[PDB]
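S.K.: Dropping a structure here in structure tokens format, bear with me for questions.
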Amino acid sequence: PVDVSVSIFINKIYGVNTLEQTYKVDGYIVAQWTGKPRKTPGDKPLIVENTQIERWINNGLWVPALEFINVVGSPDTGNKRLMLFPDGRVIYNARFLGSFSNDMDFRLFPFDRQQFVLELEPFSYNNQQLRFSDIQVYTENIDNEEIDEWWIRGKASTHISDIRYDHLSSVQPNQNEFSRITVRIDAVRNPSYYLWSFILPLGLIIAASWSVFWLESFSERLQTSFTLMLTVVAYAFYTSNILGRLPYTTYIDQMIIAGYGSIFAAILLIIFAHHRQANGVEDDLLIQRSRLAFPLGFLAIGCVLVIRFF
Amino acid sequence: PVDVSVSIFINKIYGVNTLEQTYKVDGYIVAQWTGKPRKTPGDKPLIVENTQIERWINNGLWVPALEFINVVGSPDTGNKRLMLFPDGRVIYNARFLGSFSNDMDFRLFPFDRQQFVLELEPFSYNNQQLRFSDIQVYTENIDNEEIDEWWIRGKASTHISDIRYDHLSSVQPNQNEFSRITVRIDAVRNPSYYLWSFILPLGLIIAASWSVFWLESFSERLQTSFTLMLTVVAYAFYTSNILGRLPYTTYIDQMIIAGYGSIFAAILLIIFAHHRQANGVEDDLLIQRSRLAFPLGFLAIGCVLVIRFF
Amino acid sequence: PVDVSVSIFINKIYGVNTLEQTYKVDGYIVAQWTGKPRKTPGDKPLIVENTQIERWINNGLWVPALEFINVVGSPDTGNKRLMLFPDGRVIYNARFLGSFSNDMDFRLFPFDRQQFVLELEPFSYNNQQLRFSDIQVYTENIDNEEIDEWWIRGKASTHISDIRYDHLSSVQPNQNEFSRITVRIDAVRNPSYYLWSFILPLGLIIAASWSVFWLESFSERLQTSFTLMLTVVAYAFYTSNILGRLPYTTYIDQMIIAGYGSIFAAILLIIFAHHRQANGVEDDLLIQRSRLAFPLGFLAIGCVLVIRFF
Amino acid sequence: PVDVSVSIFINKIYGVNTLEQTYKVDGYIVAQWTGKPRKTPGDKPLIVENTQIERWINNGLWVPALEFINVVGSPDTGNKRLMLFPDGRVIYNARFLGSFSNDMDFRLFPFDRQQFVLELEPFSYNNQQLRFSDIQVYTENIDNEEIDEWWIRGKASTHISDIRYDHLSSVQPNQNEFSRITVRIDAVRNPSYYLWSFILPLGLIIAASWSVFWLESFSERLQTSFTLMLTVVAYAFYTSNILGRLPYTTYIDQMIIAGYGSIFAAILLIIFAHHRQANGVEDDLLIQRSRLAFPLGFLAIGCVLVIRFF
Amino acid sequence: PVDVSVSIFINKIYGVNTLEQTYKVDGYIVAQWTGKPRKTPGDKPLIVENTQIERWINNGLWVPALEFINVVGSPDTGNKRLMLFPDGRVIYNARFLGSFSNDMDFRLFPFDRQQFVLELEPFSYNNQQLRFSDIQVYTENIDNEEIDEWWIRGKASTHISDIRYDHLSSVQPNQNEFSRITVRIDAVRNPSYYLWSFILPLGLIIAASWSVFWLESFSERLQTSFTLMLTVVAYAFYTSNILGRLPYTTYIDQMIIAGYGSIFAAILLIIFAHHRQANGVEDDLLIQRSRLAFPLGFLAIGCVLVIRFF
Ligand code: NA
Ligand code: NA
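Going down the list, the protein sequences come from chains A, B, C, D and E. For the first sequence, my numbering begins at 185 and goes up steadily by one. For the second sequence, my numbering begins at 185 and goes up steadily by one. For the third sequence, my numbering begins at 185 and goes up steadily by one. For the fourth sequence, my numbering begins at 185 and goes up steadily by one. For the fifth sequence, my numbering begins at 185 and goes up steadily by one.
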């Protein structure tokens, strides 16, 4: 097997689409191996740029094709370069730009942590014909910077693993295992936008639905509470436009459902209090003493959720 | 005819667009046949990577082109490989990525079952010149996993059939029949999102439209019922943004229409009860005793629909 | 001139975008002509697949280029095949996939009839150098099936016509006329979706705006009528999202405008009836006897429109 | 310099996107010049189709590259043809399809007039090496027809001008001037859709806000006026979805702002009239005699704007 | 090292997408260096157009590849030209069209200033093998013109810097530093559209929420204030559709939050004033004397923000 030393430089990470759980990575990939010694012009390394490597490949040069595994579509390669040394080592440098994909877990959606994963693998050569010795990832242009709502924390984690493929077992009986490189870059979401944009107005709506209990007439207590309840119900598909149609509820979705239950319980309570007015003149005080307890119960539920979930 | 043995490995399934009834399938296709014996470097199989197969094709190698039938657009192939054996068998390995299409049936839309179908066929060779012997599909990366709202259940079903084409009857008189491979992967939709996102708020809206009957004034019974009816009518195009403009009603569409009929019948009933107040003082009790029967009728209709339809 | 016999097989029709009046057609095109006799391997027809026809074209084979006239963008061709016979006839088979365009006429929009037109023409050869003898269209995969809201009725109509071009008159003095093939496939829209999705809720809204006349108070007659009128006005851009910004009104647009006029005339009538209450106690009966006539007038206008327009 | 005679045939104009001020033009371009006499097969002109012109260019044929200046992206060329005459004239015919761009001026937006401009220029040859003699534009497929909301009026205007480039002054000292062709096709917008779709409902909303003054109670005069004012305010971004975010107001935007001012002045006037009721029983007649003057003032402002602006 | 003199001509700047912080730049790039003297046809410079430079590169011509650093995707190059002089200087002229990217800072969003940055760099040659001598940018087509909401002010600023890459340190031990060109074009946003489209209606909404204090009844003061507060809350995601989901508040976002606080404080104040009516007849004057102070406080906050922030 040949020892291929890979260096990946990440130019920028952009286009993080959480609706499709994809992201776009820009940068250069440098793959280095050693072959037979050759004669170059002078005693200087020879640089073979793009649309000239194919002449060397037709002449008989061994340049392996390294593919990215977790891409959607195909990586849009740009300029590519081949460097040949008189001592006999070949360096393949190319620029990639592809839409990678990774599984994302949105339980704690405003305060969420995922990672961006690049997976590299030879297309045709197994570990008995091509081995990855090591990878150094040079991530300093995005080391501590803020992609539009994501913070990059820590350095990139590298790993080399061998992946066994059973669809190549018929064509390769005992040698169908492929060397792989995984590069993981941790990202932490910035919750500031949601804090000033969705939690702040919805908190004020729920505060108004708390303060409707202080009114002295049934019609004002009823129609304004219905208006606020329908306003909170109108926020149902807020998450589904940012994220996908996930089968689970986030913090924001749970807060919206808590708003549903709060204002619906308020409506049911005031309707029951009006129904208990059998003669139209009896007024209840114990069932209307909840003007402080009901927001206190909401805050208790909120703080228990904050303590337990985080 | 030549015996071509196909192995399809499914990398991932993503981008299931039910509005256009398309989906994207990633993976590799391995096609193997046997030809004449040849001389390779040493006694080892020879690997011919991409942009080098065309040299062998120009030299006179027979590499058939297998196309995908049910794609929209063209499949975006990536790296492709050719493996030549000294015993005389040729293996064509390539990576595909295309937007396939299949007919989908959305009667039971939240609790729906479709399948993802890959159809493979030679472009130019009939069954008298190219036969498909067998296909083994290796589907373990998506075996029991959850695509964004779909569950993959069971193993992939394979079938080999011969398809007769009448547009090739003039150019091929008695031999216009083509061998085909169909790969079917069953998928079951996850109804959790709709259960907590659309059925839960709409159920509470219909519960409020039930509870409006307990009010003691006509204006409160009228304007709140009109507001809830218009709120339910505003949910008319909810399905048409997820699915297409289907000619049939789903479970969700039938529930929305049931909400229409429920709140409209409530409005008609309270208007008729107000109109029967000829002197402005007579109050009706039999026509207003439906405060428990009307939700009971709605629940009876719902449970009969659940029992009969499922 | 050479006699070119064309056979077009339609695989599927999809992506009917009425906003841009385009549609996507999949299938294969088979063009057959006769040339000089040639020697093939054995006495069997020779199949030349893709990226190998150019070798024969460089050697001196005459393969004309047939273009599609009414496409938007360029047709995304896939595999293409060339078949050569020892008797001396050449068959060019290729797969096309393009976004065709045709003029559409949306007067009777829910109950609408357009056709899908494929226009084929040589790019460079006039009728004195290339003639189309006949075309047989093989349309059985979409013969009687339902594209998402369209029904295919009847068989495809074929026509061969000669088209004269005046921009080639300077470069070709008396021979600037080009043979053409037009393939027309009739389509009938399914009105079921609009019937259960837009006509059914809007009919109930107009029925409520009819039933507001039975109320015994001016404020209830006024604010609910204003709410229903604004609800109907909110449906103004419903057609412009499905179709384009057409200069004419459809059935649905005319029904929406009839809703405008109905509820606005109701508002004007109740305001005039309130204004005639000079002393605040006189009640009018003749001007409020229209509770049955006004929906009867709406139904009369509707049935006259249905009889005359259809 | 060589004399190049250009003929442009416009197939169709489609996709007029006023949000980005681009449009798509389909058609063929015929460029004719004269060179040295040559020998063709027989005494007949020789037609060289696509992917065969490059052989003649490698052999030493001078085929200049004409580029389009005002395109966004690159023009998607289709089939291209080369015609060679024994007398020694070369004709280059090709089909283009590109997204052109032009500056648009939306002051009189419903009744607006722009033009579609095609600009053609050699890429590398100045006026001392390539001159454009004349252009004839053959525009009969779109001569008097209606693109989706645009009317083509008059014939296309042609102009030949020389454009001087200062970025080529260092590489070409005294000869950096390039011949150009501009083709202008006037277009007039159809205002029918906006007339029946936006002016008609907004006119009825403003008429209702006029008729609210006839009500005899302050609450009905206030809440309905607020509802209509908020309805008119909701139409603020109607233009920004059709056109761009233009720094100027159109006719429709000015009508919406006039609706703002009208209903806000009505609200201020009724609030001031209620505030002048110091004892709660005094009624004002002079300040409420504006029920005919205020719509008369609105109509006077409208007719002065119509007379002066048009 | 070779001295490469670059001239960049900017044709147009369009498609400024502030949601993704990208923009599209059209124009031509002229790169000039000097090599060995050569023989041309005659004593005239030789122009080598596109798809003919590769013949010279295969023959052994040194044409370096200059890439753009800050692009998203790949630049869509069009025609490219090579000019060879008998004195021995090579000029590479090409047309580029790419979607560049730059960091944007939206604190003062309506009155905002960013710049458009083009970064050019060799792909494979360091400063010891290729130096950039100078760049002249010819920006007269966009010198003082208005891109759709941006004004170009001043002339373009040019800079030449050397960039050190640590991912090439293993393959190039002491020479891994690359020469770069940065071209900066200042842009100033036009705030007119937002001034007449969002600040003008929202200012009138806040003025109405000021004027609700003059009403003499609690229900009119309450329901209209709630309607205006919900209307202002509905404007929460106005910025997120133009810009991104930024973690900071702009001028418009701060004005919307000030509207939240203003109308919520008005609602709390009127509810507290109603609650202080213990007997239902006592009226407060000091707490309702704020009808002039509360808008005065809002204007004071606004003018302090205008003075301090600007
Ligand atoms: Na009300
Ligand atoms: Na409302």
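Where is the CB? At the ideal position from N, CA and C, for every residue including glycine.
#1: What does D/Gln299 pair with, by DSSP beta-bridge criteria?
#2: Using beta-carbon positions only, say whether A/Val372 and A/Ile192 come within less than 8 Å of one another.
#3: Of all the residues that make up the stretch 243-274 of chain D, which are near chain E by a beta-carbon distance shorter than 7 Å?
#4: Output needed in chain order: residues of the stretch 207-232 of chain B with a Cβ under 8 Å from some Cβ in chain C.
#5: How many whole angstroms separate the CB atoms of D/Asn325 and D/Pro185, which I take to be in contact at a CB cut-off of 8 Å?
#6: At a CB-CB cut-off below 9 Å, which residues of chain A make contact with B/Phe193?
#7: Between D/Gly445 and D/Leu386, how many whole angstroms is the CB-CB distance? I'm expecting something under 8 Å.
#8: Distance check for D/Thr206 and D/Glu400, CA to CA, integer angstroms please.
#9: Does the distance from the CB of D/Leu414 to the CB of E/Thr408 come in under 8 Å?
#10: Grab the span of the beta strand (DSSP E) containing residue 497 of chain D for me, first residue to last.
#11: How long is the line joining the alpha carbons of D/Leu250 and D/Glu305, rounded to whole angstroms?
#12: Who does E/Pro306 pair with in a DSSP beta bridge?
#13: How about the stretch 280-289 of chain E and the stretch 254-267 of chain E: do they share at least three Cβ pairs that are nearer than 8 Å?
#14: A/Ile441 to A/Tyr349, Cα distance in whole Å?
#15: So which residues of chain E does A/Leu430 contact, with C-beta pairs closer than 7 Å?
#16: Under 8 Å between C-beta atoms, does C/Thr434 make it to chain D?
#17: Where do the ends of the alpha helix (DSSP H) carrying B/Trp240 lie?
#18: In terms of residues, what are the limits of the alpha helix (DSSP H) holding D/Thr415?
#19: Determine the chain B residues that contact A/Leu281 at a beta-carbon separation under 9 Å, and present them in chain order.
#20: How would you write the range of the alpha helix (DSSP H) that A/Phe397 sits in, first residue to last?
#21: Going along chain E in order, which residues have a C-beta closer than 7 Å to the C-beta of A/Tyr377?
#22: Which value, in whole angstroms, describes the spacing of the CA atoms of D/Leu430 and E/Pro431?
#23: Going by DSSP, what residue range makes up the alpha helix (DSSP H) through C/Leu483?
#24: So, for C/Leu230: in the same chain, excluding its five sequence neighbours on each side, which residues have a beta-carbon less than 6 Å away from its beta-carbon?
#25: Tell me which residues pass a beta-carbon proximity test against ligand 1: closer than 7 Å to any heavy atom, given in chain order.
#26: In chain order, what residues of the same chain have a beta carbon less than 6 Å from the beta carbon of C/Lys264, not counting five sequence neighbours either side?
#27: I'd like to know whether the C-beta atoms of B/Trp398 and A/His459 end up nearer to each other than 8 Å.
#28: Hey, how far is the Cα of E/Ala449 from the Cα of A/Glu404?
#29: Identify whether B/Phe382 lies in helix, strand or coil by the three-state DSSP scheme.
#30: Determine whether the Cβ of B/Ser403 lies closer than 8 Å to any Cβ atom of chain C.
#31: Drop a sphere of 10 angstroms on the beta-carbon of C/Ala392, count the other beta-carbons inside from all chains shown, and report buried for 16 or more, exposed for fewer.
#32: At which residues does the alpha helix (DSSP H) containing E/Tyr444 begin and terminate?
#33: So, with DSSP's three-state summary, where would you put C/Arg473?
#34: Between D/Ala371 and chain E, is the shortest Cβ-Cβ distance under 8 Å, so that the two count as touching?
#35: Scan the stretch 308-319 of chain E for residues whose Cβ lies nearer than 7 Å to a Cβ of chain A and list them as they occur along the chain.
#36: Would you grab the beta carbon distance between D/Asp187 and D/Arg315 for me? Rounded to a whole angstrom, and I think it's under 8 Å.
M.R.: Looking at the coordinates:
#1: Beta-bridge annotation (DSSP): D/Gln299 is paired with D/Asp370.
#2: Not in contact: A/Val372 and A/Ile192 (Cβ atoms no closer than 8 Å).
#3: Those would be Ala249, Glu251, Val256, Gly257 and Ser258, in chain order.
#4: Listed by position along the chain: nothing, the set is empty.
#5: In fact, because the Cβ distance is near 33 Å, the residues do not count as touching under 8 Å.
#6: By Cβ distance, chain A contributes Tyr349, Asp350, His351 and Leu352.
#7: Separation of the CB atoms of D/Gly445 and D/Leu386 is rounded to 14 Å, and the pair is thereby denied contact status at 8 Å.
#8: Taking the straight line from one Cα to the other gives about 54 Å.
#9: No. Outside cutoff.
#10: There is simply no residue 497 of chain D to check, as chain D begins at 185 and stops at 494 in what is shown.
#11: Straight across, the Cα-Cα distance linking D/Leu250 with D/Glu305 is about 6 Å.
#12: Beta-bridge partners of E/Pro306 (DSSP): E/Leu250.
#13: Result yes; three or more Cβ-Cβ pairs closer than 8 Å.
#14: Taking the straight line from one Cα to the other gives about 46 Å.
#15: Under the 7 Å cutoff, chain E gives no residues; its nearest Cβ is about 18 Å from A/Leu430.
#16: Under the Cβ criterion of 8 Å, C/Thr434 is not counted among the residues facing chain D.
#17: First-last of the alpha helix (DSSP H) with B/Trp240: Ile237 to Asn243.
#18: Looking at the DSSP string, the run of the alpha helix (DSSP H) that includes D/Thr415 is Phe402 to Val417.
#19: Simply none; closest approach about 15 Å.
#20: Counting along the chain, A/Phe397 falls outside any alpha helix (DSSP H), and DSSP gives it neither H nor E.
#21: Taking the beta carbon of A/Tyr377 as reference, the chain E residues within 7 Å of it are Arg429, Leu430 and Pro431, listed in sequence order.
#22: Each residue's Cα considered, the two are about 27 Å apart.
#23: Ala477 to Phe493 is the span of the alpha helix (DSSP H), which, as asked, contains C/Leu483.
#24: Around C/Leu230: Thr224 and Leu268.
#25: Shown in chain order are the residues whose CB sits closer than 7 Å to a heavy atom of ligand 1: A/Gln407, B/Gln407, C/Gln407, D/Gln407 and E/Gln407.
#26: These residues qualify, in order along the chain: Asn234 and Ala278.
#27: Contact flag set, yes.
#28: Going by the C-alpha atoms only, they are around 18 Å apart.
#29: In the displayed model, B/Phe382 falls within a helix according to three-state DSSP.
#30: Answer yes: the Cβ-Cβ gap between B/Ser403 and chain C drops below 8 Å somewhere.
#31: It is buried - the Cβ of C/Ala392 has at least 16 other Cβ atoms within 10 Å.
#32: Here the alpha helix (DSSP H) through E/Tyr444 covers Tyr435 to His459.
#33: Under the three-state reduction of DSSP output, C/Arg473 falls in the helix class.
#34: Using a CB distance cut-off of 8 Å, D/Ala371 does not count as an interface residue toward chain E.
#35: Within the stretch 308-319 of chain E, the residues whose Cβ lies closer than 7 Å to some Cβ of chain A are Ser308, listed in chain order.
#36: Contact between D/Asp187 and D/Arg315 holds, since their C-beta atoms are separated by about 6 Å, short of 8 Å.
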